[PDB]
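>
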Amino acid sequence: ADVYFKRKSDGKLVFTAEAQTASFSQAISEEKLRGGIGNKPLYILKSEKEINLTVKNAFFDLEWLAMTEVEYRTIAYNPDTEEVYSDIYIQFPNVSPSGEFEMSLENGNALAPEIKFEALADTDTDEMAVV
Amino acid sequence: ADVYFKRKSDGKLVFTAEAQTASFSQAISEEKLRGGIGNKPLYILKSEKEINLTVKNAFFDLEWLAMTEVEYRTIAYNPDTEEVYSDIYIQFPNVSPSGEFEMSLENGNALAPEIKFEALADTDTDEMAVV
Amino acid sequence: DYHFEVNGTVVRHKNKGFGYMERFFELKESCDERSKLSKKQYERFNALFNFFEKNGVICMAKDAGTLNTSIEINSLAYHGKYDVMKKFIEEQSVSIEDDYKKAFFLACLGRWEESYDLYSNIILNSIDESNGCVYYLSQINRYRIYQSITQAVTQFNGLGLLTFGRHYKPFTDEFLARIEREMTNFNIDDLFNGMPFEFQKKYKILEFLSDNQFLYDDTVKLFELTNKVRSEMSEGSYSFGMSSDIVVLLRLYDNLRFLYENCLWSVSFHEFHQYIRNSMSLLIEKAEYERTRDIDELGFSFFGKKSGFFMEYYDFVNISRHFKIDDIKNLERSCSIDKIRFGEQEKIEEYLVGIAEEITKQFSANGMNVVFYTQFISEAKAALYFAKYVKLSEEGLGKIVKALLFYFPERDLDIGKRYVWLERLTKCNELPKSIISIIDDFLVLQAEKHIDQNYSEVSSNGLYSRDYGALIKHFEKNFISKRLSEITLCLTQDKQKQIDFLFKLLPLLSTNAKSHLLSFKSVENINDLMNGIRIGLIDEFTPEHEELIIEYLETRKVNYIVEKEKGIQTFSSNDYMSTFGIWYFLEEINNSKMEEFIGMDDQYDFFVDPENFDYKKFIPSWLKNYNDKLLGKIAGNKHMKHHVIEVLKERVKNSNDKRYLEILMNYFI
Amino acid sequence: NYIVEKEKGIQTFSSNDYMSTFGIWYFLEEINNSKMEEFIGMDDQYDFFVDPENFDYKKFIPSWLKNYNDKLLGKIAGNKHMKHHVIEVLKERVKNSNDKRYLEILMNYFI
Amino acid sequence: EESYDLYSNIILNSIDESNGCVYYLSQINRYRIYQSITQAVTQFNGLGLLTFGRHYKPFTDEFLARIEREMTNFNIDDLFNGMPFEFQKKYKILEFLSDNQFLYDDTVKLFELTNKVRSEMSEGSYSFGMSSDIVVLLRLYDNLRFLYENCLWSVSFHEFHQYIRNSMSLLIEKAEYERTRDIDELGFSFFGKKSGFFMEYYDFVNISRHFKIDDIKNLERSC
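Residue numbers (the numbering used here), protein chains in the order written: chain R, 1 to 131; chain Y, 1001 to 1131; chain H, 2001 to 2669; chain F, 3001 to 3111; chain S, 4001 to 4223.
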């Protein structure tokens, strides 16, 4: 389990770590404010998928530190020792850099903390790509 | 909710305390064993029901402590009568103590521990009689 | 400088200088580099290798690889080998450390006063040899065993007289005087500070044990991890990489090992019991959740396979030791432990039968160690209650069943309590004949206890020897108990209580014994009626019997009228009126006089007049007590189905109880 | 793309919300084209609605129902062939899963 | 930087009047604000520019150099012992403030109460008299008041946020279960006012300050 964080359209590596929490929260049809209810012309509204994902220990690129929107990929061949086939490159291209301060200070620094981040969307829904 | 642990033999209170928890267990383990399941010629409807009551600060009257099957009897009164008030005296004619050793001692203090006793039933289910 | 994770890996934390710890692991794989050191230096490296591998220290975090590891507890005390301790006390003295193990075994065995004396002898002999570590630990352990005896007599002084039926004084008043004198003005907080400094700088890792609230850093971390895990469970997040559930699992084992090893008496402390109880109960909760988890389209493939967590022998001991019977029930009602695989079952059965023989010796030969009994009955009960989830052999079950129905004191396990546990054992494996023989001997023993002729079967659950016969008849359709059969000739209207015993033990009696009973002893009051139905003696509402029910029903109104004038409302939980109503609900009994009775019991009015019954007073908990066929065929009728439907629809979203959900799924479709 | 994905030997299941609504359109009969029925394999939901009779219910995901509104669930309710399959999967995952949405779905239907 | 410099003046001018507590609290507060600055510069110079995108430098490099000068090799556990003996026996109430892990005894009781509360609500137990779900509310109010009074900077730390977040979430969950409960023949509402718990002003700000969108979302989906 590893994360390669790159700047989209720039290709520069941001940091490497290991993902610990992966969330794939599904859409909920409870709001009732979806619209087009009484008329019901056509069922078009699909899932408003929400996905959150974090990392363990970020190691930022030294070259990227010099000059002081972003893609991301992973590697996983652990199940059934299928390393030659069944490759899964979890590709969210427009992951949003997020995260909170969370001043704990009662354990000291733990290298890099758990960086919050989620995948955004664009004109065409490209939230997640297995390849 | 001040309880008075009475004695079945004579009536002298064993101790008095205030109620902490009164758990009326709502659970029946369905196992096709009770009743007349061999032939089923009628109905029984006698599922076991469990009642427990725990206190937090006993009294331990000295006269009973002199001599070094048991009951209890209590009242429940709230000054805010509001619109409904009643002289509810919950009492089980046969209750047996079931307090464990419960030695914690990490804080260094125990004071009056939580005395937990379990109600019983003899011949007909005369327990849980509010009278 | 370096942070040692609980998994086994290490990571630089404040090592701003050379990576010596990484260098040590750098030489771990390089054979030739180790030989390049001096002979003594190479010898030290070998010793550190033995220490690190025993302590579970693994290589650098970069070379993670497989990190799943099962810890082991070599301490005999944790395994409850009470027989081994008995001979371990009388092995004289080889070394102070060997005496330290003896003292810890002495405390666990229950001989606390002897254990306290042993701890007193340890500190006096620990002046030299620079062995302050055992002196340090014994000083704390002497304080803990001093604390334990103080509450023990306090429990005997208070809450002890009624529980045991009398007062017990395992410690002489002089001993209680002696222990407090030696413990005067002793504050344990500064023990690490108030003790020579060469220890203070070398054994710094032991500073966390001096304070009385030493069980705080782990519990706080467990509490934070519990919150972190519960957040994942609600949100359904997939724990990639190292997962907190594995972390807490490893942390408790390290805490369990570090305390049972090195002979720390705090292992029996309730906070440690609380620490383990909350630790494993969280693990059971996530194990149940993982099995009952939605298979999402994303992240379905991860490190965890199918049924990633397995119940092992060590977990069973912890469950059987650091849990109480009520908390186990909460675990059962929250998580179904029968679904999760129980590994190394053969390594658990000998522990269960091993705890049975200790029970057998305690309550059969002479007396029992009461101080040990209090500290052992909770573990003893928790082990037998949890035995339902493990397959057991015929020989293993026989000893446990013999222990269950022949040695447990009634003060902690009444007649009703044993049947609940008996059914658990009987449900796991089909009842063989050998177990029935032990059960049969139990019932006849109770009959012979009627010598005083004032003993009455009183049970907490309301279940009597009535249920033991039902279990026997359920598994063995035809079974006659000779011992009870022969007893009837000698009894001729002499012991009425023993006479009443036979009525509810009828299906195990012979043809001649049953003929002699009903010859002139039979049903007279309403109590024997439902007993006969459960027995099977009474099958139809004879005209005389229907008179008995309404006659008793008439009595209730006499008190009902008078209690209303003074505002009283008697609600004794006899539930007989509910039985009368359910019979009338199928018009199996057609007397109209009892239909006149109304406003007596809320359940009773439900059955007699279904349509016009005031459903606002209906209680859904009564539905848990009802049969299958009546609920199943009532669907579609809609005369009274619709009224209860409103309650049924409410319970699925209001309550998380699975029993309510099952009722609305199997029926009312 | 689907056929060429086997050139590299790896299959693709992209969580993009195009194929999902196409089967719903065919289920609602808002499209009446026979060409689109030939497309099988791209999305599990797509095969669930385009060809429900031969759809492999082992790949069914209960979360799909939470996305469907009352009408779509009402329309798929009582089809004499989905009704049998949808009831079985719902009964299994109303006890295992304690989400309140699953409870509501089972209660609005099969009364 | 101004707060650090100002806190230097409080301790510097507290030499006289034998205040003790004001000097002691400001000294602890000085370490707390310095602790916040340590990861403040760590989350700006470090972490690159991820949440923001432009390198903000709120504190000068000279300021970073000096603050470490005096703050090098500082241990807060001995600060209370480092205080004068007269203060030690006179202000012993503040003895646990020196500990970095002071948010442990309070959390342990809450964690102990949470297990008791969770077990109580699973079995349908009724908390007669001193209800175990009210003491936790009383405990957090004192912790919130005492921390916010006397002007302590520790209230902004993540560990304190965890204490309130876990304690307040349990109260919401318990209050949800209380109203959404089965009725028992013996467990009637003799004098209980149904839910009983009501969201006061002080309850809302606790949820609006210590919770997070990730944390609050699971609360909604559960209660």
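Positions of the beta carbon are idealized from the N, C-alpha and C atoms, including for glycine.
1) Does chain F have any CB closer than 7 Å to the CB of H:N2278?
2) If you measure beta-carbon to beta-carbon, which residues of the region 4159-4188 of chain S are closer than 7 Å to chain R?
3) Given F:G3023, which residues of its chain have a CB within under 7 Å of its CB, disregarding the five upstream and five downstream residues?
4) Determine the chain R residues that contact H:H2013 at a beta-carbon separation under 9 Å, and present them in chain order.
5) Which residues in chain R sit within 7 Å of F:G3009, going by Cβ to Cβ distance?
6) Do Y:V1070 and Y:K1116 come within 7 Å of each other at the CB atom, strictly closer than that value?
7) For H:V2652, return the contacting residues in chain Y, with the cut-off set at a CB-CB distance below 9 Å.
8) For Y:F1024 and chain S, any beta-carbon pair shorter than 7 Å?
9) Could you tell me whether any Cβ in chain S is nearer than 7 Å to the Cβ of H:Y2216?
10) Counting only Cβ pairs nearer than 7 Å, list the residues of chain S close to R:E102.
11) Going along the chain, which residues of the region 2321-2343 of chain H sit with their C-beta nearer than 9 Å to a C-beta in chain Y?
12) Per DSSP, what are the beta-bridge partners of R:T81 in this structure?
13) Below 7 Å between beta carbons: does that hold for S:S4122 and H:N2330?
14) Between the alpha carbons of H:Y2584 and Y:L1013, how many angstroms are there, rounded?
15) For H:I2598 and chain S, any beta-carbon pair shorter than 7 Å?
16) Output the boundary residues of the alpha helix (DSSP H) element that contains residue 1954 of chain H.
17) Within 10 angstroms of its Cβ, does H:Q2092 collect 16 or more other Cβ (buried), or is it exposed?
18) Tell me the DSSP bridge mates of H:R2142?
19) Quick one: what does DSSP say R:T16 is sitting in, helix, strand or coil?
20) Output the distance between the C-alpha atoms of H:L2124 and H:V2134, rounded to the nearest integer angstrom.
21) Could you check the C-alpha separation between Y:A1076 and H:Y2560 for me, to the nearest Å?
22) Rounded to whole angstroms, what is the Cα-Cα separation between H:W2421 and S:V4117?
23) Output, in chain order, the set of chain H residues within a Cβ distance shorter than 7 Å of R:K56.
24) Using only the alpha-carbon positions, how far apart do H:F2408 and H:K2169 sit?
25) For R:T81, count neighbouring C-beta atoms within 10 Å of its own C-beta (all shown protein chains included) and say buried if the count is 16 or more, exposed if not.
26) I'd like to know whether the C-beta of S:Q4027 is nearer than 7 Å to at least one C-beta of chain R.
27) Considering only C-alpha positions, which residue in the set H:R2556, H:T2579, H:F2004 is nearest to H:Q2569?
28) If you scan the region 1041-1124 of chain Y from start to end, which runs of the beta strand (DSSP E) of 3 or more residues do you find wholly inside it?
29) Considering only DSSP beta bridges, list what R:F5 is partnered with.
30) Touch check for the region 4105-4119 of chain S and the region 4028-4048 of chain S: three-plus C-beta pairs under 8 Å?
31) Between which two residues does the beta strand (DSSP E) harbouring H:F2004 extend?
32) Taking all protein chains shown into account, do 16 or more other C-beta atoms lie within 10 angstroms of the C-beta of H:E2232, making it buried, or fewer, making it exposed?
33) Pick from H:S2030, H:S2572, H:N2591, H:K2616: whose alpha carbon is nearest that of H:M2600?
34) Where do the ends of the alpha helix (DSSP H) carrying H:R2012 lie?
35) Alpha carbon to alpha carbon, how far is H:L2586 from H:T2542? Give it in angstroms, no decimals.
36) Rounded to whole angstroms, what is the Cα-Cα separation between S:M4130 and Y:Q1020?
Let's see:
1) no
2) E4159
3) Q3045, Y3046, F3048, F3049, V3050
4) Within chain R, the C-beta atoms nearer than 9 Å to that of H:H2013 come from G108, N109, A110, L111, in chain order.
5) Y85
6) Contact flag unset, no.
7) By Cβ distance, chain Y contributes nothing, its closest Cβ being about 16 Å from H:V2652, past 9 Å.
8) yes
9) yes
10) What R:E102 touches in chain S: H4158.
11) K2324, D2326, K2329, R2333
12) Under DSSP, no beta-bridge partner is assigned to R:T81.
13) Yes, the pair counts as a contact, with Cβ atoms nearer than the cut-off.
14) 43 Å
15) no
16) What is shown of chain H runs 2001 to 2669, which leaves residue 1954 of chain H out entirely.
17) exposed
18) BP columns for H:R2142 are empty, so no partner.
19) In the structure shown, R:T16 sits in a strand (DSSP, three-state: E or B).
20) 12 Å
21) So the two alpha carbons sit approximately 22 Å from each other.
22) 27 Å
23) Chain-order list of chain H residues neighbouring R:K56: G2241, by C-beta distance under 7 Å.
24) Approximately 21 Å between the Cα atoms of the pair.
25) exposed
26) no
27) H:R2556
28) 1050-1055, 1095-1097, 1116-1119
29) Looking at the DSSP output, R:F5 sits in a beta bridge with R:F15, R:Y72.
30) no
31) 2002-2004
32) buried
33) H:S2572
34) Premise fails: H:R2012 lies in the beta strand (DSSP E), 2010-2012, not in any alpha helix (DSSP H).
35) 16 Å
36) 7 Å
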